[PDB]
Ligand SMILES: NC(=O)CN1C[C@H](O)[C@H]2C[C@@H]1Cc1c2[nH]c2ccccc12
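In structure tokens, the next block holds one chain alone, the form deposited without this ligand.
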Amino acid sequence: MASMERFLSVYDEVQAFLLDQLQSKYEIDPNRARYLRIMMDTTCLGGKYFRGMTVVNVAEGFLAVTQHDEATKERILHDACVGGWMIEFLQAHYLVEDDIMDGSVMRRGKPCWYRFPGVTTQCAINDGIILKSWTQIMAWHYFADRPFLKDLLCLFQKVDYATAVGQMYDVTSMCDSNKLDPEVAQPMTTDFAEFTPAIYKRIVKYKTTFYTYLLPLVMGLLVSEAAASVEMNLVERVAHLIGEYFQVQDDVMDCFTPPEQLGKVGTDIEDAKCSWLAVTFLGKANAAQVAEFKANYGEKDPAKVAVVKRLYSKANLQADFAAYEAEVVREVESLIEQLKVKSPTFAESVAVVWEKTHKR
């Protein structure tokens, strides 16, 4: 069976299981089940499934080099699909809540879930809670007797928690740290002293790399019983590196990809986000450029947003991006090679993850 149709089939299976259980154990009525069905589909489906399919691809890599009965191949692949959906539904939780937190309008060319007329914020906050609760119910049902249950649940939680800490670092990235205070409304920084490469790398490490790259790779190892084919410090290092590059790309696209292809109107400028473009621009600007940036950034006024975009274009950030890209290519290739000391197979899955990111 091809991997993607397997993965999509298991979605239907898992959906049916969740909804059936709601009717048999939680007293749900058919109409609320239908609401939840539609919510699940709307929030979990229509992406590329990169994350969840990475679990499947890592497991397929090991299957090719490990002896197993056919029934065991099938079980491993089924477990990789269930694990992949756990990550997809965890992402769906994040996207639902982040869209509400940010006041976002669109995502992938459709309205954010909370904006649907019969949803509203009141229900959407809790729908997003249910999305993450479903990752747990999947795990406890499908993995009940698996030797990797403990390790998978402990990994998932730590990744979830890193991700929420990353969200805190992102939402507070334009405040001055020393002014953070629940009692006092938070002003935008005026110095931008915290718009540094290291502070940027911390936001991105936590907010996206743990759930986007570390979790799918490590979940593929766990369902394969293969965590001894790797040196875990290398897997962390490479996940955090590729993940950062991925986010740099998104940051650049927020500013410069047309909204039709981007799937939304990018607002990182208006939102005063600590983006790669802002940090890179500040890292090369002269005094007059810095002052122009300060006078215009973090404002809704379209004229001011256009002043920032013009500053970025004139500053030749494409060159800084090429230099960054080159360095990432170097270090990701060095880590892949270190990963072959223990598993050629795992190293190749990491190569493929790299190729999908670099050349999307």
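Each residue number is its position in the shown sequence, starting from 1.
- The PDB entry records a higher mean C-alpha B factor for 275-283 than for its counterpart among 151-159 and 275-283.
- The mean C-alpha temperature factor is higher for 186-194 when 186-194 and 81-89 are set side by side.
- Comparing C-alpha B-factors across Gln15, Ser349, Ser9, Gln21 in the deposited entry, the largest value falls on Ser349.
- Between the residues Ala59, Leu36, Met53, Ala322, the entry's highest C-alpha temperature factor is the one at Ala322.
- Ranked against the other modelled residues of its chain, the C-alpha B-factor of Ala228 as given in the entry falls in the highest third.
- Ranked by Cα temperature factor within the chain, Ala306 sits in the highest third according to the deposited record.
- In this PDB entry, the Cα temperature factor of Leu222 sits in the bottom third of its chain's modelled residues, the lowest group.
- The deposited CA B-factor of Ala315 belongs to the highest third of values across its chain.
- Annotation for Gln289: C-alpha temperature factor in the highest third relative to the rest of the modelled chain, per the entry.
Beyond what is shown, the protein has a form solved in complex with this ligand; the following relates to that form.
- Not displayed here, this ligand is kept clear of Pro147 by more than 4.5 Å at the level of heavy atoms in the deposited bound form.
- Proximity of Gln289 to this ligand in the deposited bound form: non-hydrogen atoms within 4.5 Å are absent; the residue sits far from the partner.
- The closest heavy atom approach of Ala272 to this ligand in the deposited bound form falls within 4.5 Å.
- The closest non-hydrogen atom of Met138 lies beyond 4.5 Å of this ligand in the deposited bound form.
- Of all the residues from 168-183, those having a non-hydrogen atom no more than 4.5 Å from this ligand in the deposited bound form are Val171, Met174, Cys175.
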